[PDB]
Amino acid sequence: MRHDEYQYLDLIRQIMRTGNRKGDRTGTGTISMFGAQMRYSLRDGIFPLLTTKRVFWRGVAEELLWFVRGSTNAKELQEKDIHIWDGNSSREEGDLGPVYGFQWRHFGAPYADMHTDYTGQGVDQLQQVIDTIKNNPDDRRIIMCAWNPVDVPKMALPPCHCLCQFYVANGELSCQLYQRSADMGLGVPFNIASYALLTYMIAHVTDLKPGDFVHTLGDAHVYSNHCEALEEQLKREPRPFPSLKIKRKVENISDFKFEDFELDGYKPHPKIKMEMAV
Amino acid sequence: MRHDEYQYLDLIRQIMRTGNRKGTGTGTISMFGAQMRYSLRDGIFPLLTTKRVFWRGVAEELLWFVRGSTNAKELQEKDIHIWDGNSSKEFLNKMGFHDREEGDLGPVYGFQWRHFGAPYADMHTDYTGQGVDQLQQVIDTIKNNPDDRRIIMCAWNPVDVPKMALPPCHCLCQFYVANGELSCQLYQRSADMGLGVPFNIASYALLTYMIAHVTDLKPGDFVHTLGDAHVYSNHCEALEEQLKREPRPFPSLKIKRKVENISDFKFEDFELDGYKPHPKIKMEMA
Ligand SMILES: Cc1nc(=O)c2cc(CN(C)c3ccc(C(=O)N[C@@H](CCC(=O)O)C(=O)O)s3)ccc2[nH]1
Ligand SMILES: Cc1nc(=O)c2cc(CN(C)c3ccc(C(=O)N[C@@H](CCC(=O)O)C(=O)O)s3)ccc2[nH]1
Ligand SMILES: O=c1ccn([C@H]2C[C@H](O)[C@@H](COP(=O)(O)O)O2)c(=O)[nH]1
Ligand SMILES: O=c1ccn([C@H]2C[C@H](O)[C@@H](COP(=O)(O)O)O2)c(=O)[nH]1
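Taken in order, these protein sequences are the chains called A and B.
Residue numbers for the first sequence, in PDB author numbering: 1 to 90, 102 to 289.
Residue numbers for the second sequence, in PDB author numbering: 1 to 23, 26 to 288.
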């Protein structure tokens with residue numbers, strides 16, 4: 001019965017107390033461990049939006065709807081006051108290259124720019140996953156992969172979220188994410204919520220109930236200048252997770268809109284300032 | 001410090017007790035999401051001891067991957083038959099590969115590791131200079147930028163899976179350097195706990211030993227992450243017998259000479275000392 005958020009807190013504590021101090025691409029220096037795994041229940045409307053520091057729910061949901069549209073145009077997020085892709089995007104202003112939206116919907120197609128019509132090009136992995144869940148739920152290849160060795164050099168930033176896999180049992184849809192690089196302080200809470208939300212959406216349109224989100228980490232790290240803030244965060248007790256309901260019968264994965272999500276009872280501790288490494 | 005092999009034994013035990021019973027025609031008992039960690043340090047090599055594992059098959063299959071080969075006949079010539087089932091002309095014709103010759107597994111590991119993105123023709127084609135040589139890329143990044151968080155080799159290729167005799171169970175692996183030590187994490191989407199997993203552990207441990215050697219590092223950990231981790235129902239009696247066996251200290255592995263490039267290893271370069279396993283247990287492949 002231990003709150004699932006303690007998996008996240010325990011890993012931060014372990015990284016700071018036992019991790020490897022190294023340099024890194026950004027020049028900030030990090031403290032890191034290699035290889036971790038967390039499991040978050042998604043059952044009975046439970047939505048694992050972390051509570052010991054406020055997470056950017058609106059950014060999570062808008063970014064994911066943008067992925068689902070297949071968009072690689074950061075201007076569509078900026079227009080919605082979502083600036084999480086700003087650092088890496090000024102090729103035309105806003106064109107992120109063949110990032111998630113494109114890999115999920117067009118893996119293997121040649122990329123031109125964010126305005127190109129890629130209909131019928133590449134593998135639409137997202138629809139492939141939905142079809143397999145509906146038609147052959149015991150399949151062990153229900154995978155969506157964003158790590159494309161051909162395209163990584165054209166991407167504004169190599170994907171941290173290399174691939175995810177789905178699994179069906181007990182009337183439940185589960186999802187596992189392989190995240191190669193995990194900034195425990197800033198990105199990880201958002202990343203948990205992203206793939207928990209994707210699982211809620213796919214479960215909804217496949218007539219399944221959400222089960223578990225399994226979060227596997229490669230290089231799991233704390234930036235050296237985050238330790239003071241995270242030591243303060245570790246003093247905070249998690250609060251019960253919010254609940255998530257989808258307010259209408261959405262027929263297909265592409266039909267979701269932001270207002271379809273009813274997030275109830277989110278009561279996080281206040282935000283903590285933490286500068287993002289560049 | 002408990003023997004690392006107990007992670008495998010404990011997971012088999014857990015799956016058989018609480019795993020999900022689901023539906026080939028053989029039943030599976032499965033869990034989703036698991037992770038084991040095997041130390042590779044101080045010459046220790048995690049070749050499981052509660053059932054004799056096919057070490058020579060592990061090493062020859064891995065050398066075959068590294069050559070970029072997708073031709074199962076090259077394994078057969080060395081009396082390694084682990085891919086025979088998936089490459090008979092009859093199997094391939096059954097899968098719809100009517101123009102494919104016996105032995106041709108399609109664009110599987112050797113090809114994805116050395117030529118990701120190239121068009122696949124057949125197993126005899128000269129692919130030199132085509133596609134992404136991910137294996138050499140990893141070696142170069144380890145040498146030149148060891149703190150890089152993108153040291154990845156990916157065999158999961160959505161474009162090519164329809165041409166493969168079997169989609170890769172070993173989707174991708176990632177490397178990590180700290181304190182002079184090279185670690186490796188494998189994401190395995192599908193794990194036959196009884197038959198494939200022991201062999202798969204030894205494969206990626208050996209790969210880590212080889213890459214560490216040619217990058218002048220020491221092996222650290224092998225982290226084995228599983229997606230659908232399952233026990234086939236007709237393995238349960240055999241695995242119940244294995245669970246009563248106590249692990250013995252793992253063997254040691256040394257590389258007998260200085261090998262400069264990953265492509266230069268031969269089986270005789272490996273010295274596996276002290277492997278004293280319990281006997282094989284028959285488990286029929288689904
Ligand atoms: C070093 C680094 N760490 C990261 O975690 C990271 C994450 C993203 C993308 N991403 C997945 C993000 C999620 C949340 C973000 C953010 O800036 N949130 C702040 C402020 C909230 C807001 O932007 O309004 C926060 O909530 O802490 S950015 C891009 C570059 C990165 N760079
Ligand atoms: C259902 C299935 N499970 C697997 O684990 C599997 C593994 C491979 C390839 N592979 C990675 C293998 C490793 C070991 C193997 C095997 O057949 N083992 C023998 C014992 C070793 C020997 O051949 O001497 C066995 O127990 O039958 S096969 C191919 C198809 C598969 N199919
Ligand atoms: O969704 C995201 C995007 C990025 N990062 C973090 C991980 C690293 O700290 C940095 C990306 O840098 P590289 O791993 O690519 O160097 O941002 C995340 O945690 N989650
Ligand atoms: O090296 C390998 C190759 C295959 N498998 C097992 C996993 C599954 O039981 C089966 C592959 O079947 P699918 O998951 O593709 O259905 O073989 C392994 O465990 N290891």
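All residues carry an ideal CB built from backbone N, CA and C; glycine is no exception.
>> With distance defined between alpha-carbon atoms, name the residue in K256/A, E286/A, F267/A, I264/A nearest to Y277/A.
In response: As a position in the first sequence, residue 277/A is number 266, starting the count at 1. Looking at the Cα atoms, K256/A is the closest of the given residues.
> Any beta-carbon of chain B closer than 8 Å to the one on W115/A?
Replying inline: Here the question's residue 115/A lines up with position 104 in the first sequence. No, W115/A does not count as interfacial toward chain B.
> Is the shortest distance between the beta-carbon of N181/B and the beta-carbons of chain A less than 8 Å?
Replying inline: One-based indexing of the second sequence puts residue 181/B at position 179. Yes, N181/B lies at the interface with chain A (some Cβ there is under 8 Å from its Cβ).
> If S41/B and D10/B are in contact, beta carbons under 8 Å, what's the gap, nearest whole angstrom?
Replying inline: What you label residue 41/B is simply residue 39 of the second sequence in a count that begins at 1. What you label residue 10/B is simply residue 10 of the second sequence in a count that begins at 1. Not a contact, Cβ separation roughly 16 Å.
> Run through DSSP, which three-state label would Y277/A get?
Replying inline: Residue 277/A sits at position 266 when you count from the first residue of the first sequence. DSSP places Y277/A in coil when its eight states are reduced to three.
>> Less than 7 Å separating the Cβ of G29/A from some heavy atom of ligand 1?
In response: Counting from one through the first sequence, the residue named residue 29/A turns up at place 29. No, ligand 1 has no heavy atom inside 7 Å of this Cβ.
> Straight-line CA distance for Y129/A to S185/B?
Replying inline: As a first step, residue 129/A is located in the first sequence; it is residue number 118 there, counting from the start. As a first step, residue 185/B is located in the second sequence; it is residue number 183 there, counting from the start. Approximately 39 Å between the Cα atoms of the pair.
>> Can you tell me which residues form a DSSP beta bridge with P221/A?
In response: Here the question's residue 221/A lines up with position 210 in the first sequence. Paired residue(s): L184/A.
> Is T28/A helix, strand or coil when you go by DSSP?
Replying inline: In the first sequence, the residue the question calls residue 28/A occupies position 28. Residue state, collapsed to three classes: coil.
>> Do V179/B and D149/B have their beta-carbon atoms positioned less than 8 Å apart in this structure?
In response: Position 147 of the second sequence holds residue 149/B. Position 177 of the second sequence holds residue 179/B. Taking 8 Å as the Cβ cut-off, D149/B and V179/B qualify as a contacting pair.
>> Which residues of the segment 141-164 of chain A have a Cβ closer than 7 Å to any Cβ of chain B? Give them in chain order.
In response: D149, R151, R152, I154, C156, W158, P160, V161
> Closest to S90/A by CA distance: which of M212/A, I82/A, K75/A is it?
Replying inline: Residue 90/A sits at position 90 when you count from the first residue of the first sequence. It is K75/A.
> Three or more C-beta pairs closer than 8 Å, one from the segment 137-151 of chain A and one from the segment 206-226 of chain A: is that the case here?
Replying inline: yes
>> At the level of alpha carbons, what is the spacing between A231/A and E92/B?
In response: The residue labelled residue 231/A in the question sits at position 220 within the first sequence. The residue labelled residue 92/B in the question sits at position 90 within the second sequence. For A231/A and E92/B, the distance between alpha carbons rounds to 46 Å.
>> Is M97/B a contact residue of ligand 2, with contact defined as CB to any heavy atom under 7 Å?
In response: Reading the second sequence from its first residue, position 95 is the one you call residue 97/B. No, ligand 2 has no heavy atom inside 7 Å of this Cβ.
>> Taking the straight line between their C-alpha atoms, what separation do you get for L197/B and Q187/B?
In response: Working through the second sequence from its first residue, we reach residue 197/B at position 195. Working through the second sequence from its first residue, we reach residue 187/B at position 185. Their backbone Cα atoms lie some 20 Å apart in a straight line.
> Are there 16 or more other CB atoms within 10 angstroms of the CB of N73/A, so buried, or fewer, so exposed?
Replying inline: Locating residue 73/A in the first sequence gives position 73, where the first residue counts as 1. Buried.
> Ordered along the chain, which non-local residues of its own chain (more than five positions away) have a Cβ less than 6 Å from that of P251/A?
Replying inline: Position 240 of the first sequence, counted from the start, is the residue given in the question as residue 251/A. Counting only Cβ-Cβ distances below 6 Å, and skipping sequence neighbours, we find nothing.
>> Considering only DSSP beta bridges, list what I213/B is partnered with.
In response: Walking along the second sequence from the start, residue 213/B turns up at place 211. Bridge partners of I213/B: none, in fact.
> Excluding sequence positions up to five away, which residues of its chain have a Cβ less than 7 Å from the Cβ of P253/B?
Replying inline: By 1-based counting over the second sequence, the position of residue 253/B is 251. Cβ within range, chain order: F47, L49, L274, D275, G276, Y277.
> Considering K22/B, what are the terminal residues of the beta strand (DSSP E) in which it resides?
Replying inline: Stepping through the second sequence from its first residue, residue 22/B is reached at position 22. Where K22/B is concerned, the enclosing beta strand (DSSP E) stretches over 20-22.
> Looking only at DSSP bridge pairs, what is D106/A linked to?
Replying inline: Taking the first sequence and counting its residues from 1, the one referred to as residue 106/A is at position 95. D106/A is bridged to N73/A.
> Which word fits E62/A, buried or exposed, when buried means at least 16 other C-beta atoms lie within 10 angstroms of its C-beta?
Replying inline: As a first step, residue 62/A is located in the first sequence; it is residue number 62 there, counting from the start. Looking at its Cβ environment, which holds 16 or more other Cβ atoms inside 10 Å, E62/A is buried.
> How would you write the range of the alpha helix (DSSP H) that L64/A sits in, first residue to last?
Replying inline: Residue numbering aside, residue 64/A sits at position 64 when the first sequence is read from its first letter. Note, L64/A: alpha helix (DSSP H), 57-68.
> In the segment 86-158 of chain B, which residue ranges form an unbroken beta strand (DSSP E) of at least 3 residues, counting only runs that do not cross its ends?
Replying inline: 154-156
> What does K22/A reach in chain B if we use C-beta pairs closer than 8 Å?
Replying inline: By one-based count along the first sequence, residue 22/A stands at place 22. Under the 8 Å cutoff, chain B gives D149, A180.
> Which chain B residues sit within Cβ distance under 7 Å of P169/A?
Replying inline: Counting from 1 along the first sequence, the entry for residue 169/A is found at position 158. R152, listed in chain order.
> Closest by CA to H126/B, which one among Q37/B, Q138/B, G105/B, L137/B?
Replying inline: One-based indexing of the second sequence puts residue 126/B at position 124. Closest option to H126/B, Cα to Cα, is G105/B.
> If you draw a straight line from the C-alpha of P169/B to the C-alpha of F67/A, how long is it?
Replying inline: In the second sequence, residue 169/B corresponds to position 167, counting from 1. In the first sequence, residue 67/A corresponds to position 67, counting from 1. In a straight line, the C-alpha of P169/B is about 26 Å away from that of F67/A.
> Hey, out of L77/B, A240/B, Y122/B, whose CA is closest to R102/B's CA?
Replying inline: The residue you call residue 102/B lines up with position 100 of the second sequence. The shortest C-alpha separation from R102/B is found at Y122/B.
> Which partner residues does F201/B have in the DSSP bridge list?
Replying inline: Sequence index remark: in the second sequence, residue 201/B carries index 199 (1-based). BP columns for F201/B are empty, so no partner.
>> I'd like to confirm something about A207/A: is its beta-carbon nearer than 7 Å to some heavy atom of ligand 3, or not?
In response: Stepping through the first sequence from its first residue, residue 207/A is reached at position 196. No, Cβ of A207/A sits at least 7 Å from all heavy atoms of ligand 3.
>> Suppose the cutoff is 8 Å on Cβ atoms and the five residues either side in sequence are ignored; what does the same chain contact list for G70/A look like?
In response: Here the question's residue 70/A lines up with position 70 in the first sequence. Here the set comprises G112, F113, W115, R116, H117, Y129.
>> So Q136/A contacts chain B; which residues on that side make the cut at Cβ distance below 9 Å?
In response: Translated into the one-based positions of the first sequence, residue 136/A becomes position 125. In chain order: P160.
> By Cβ distance below 8 Å, which residues in the same chain neighbour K282/A in space, the five residues on each side in sequence not counted?
Replying inline: Taking the first residue of the first sequence as 1, we reach residue 282/A at position 271. Answer for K282/A: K53, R54, listed in chain order.
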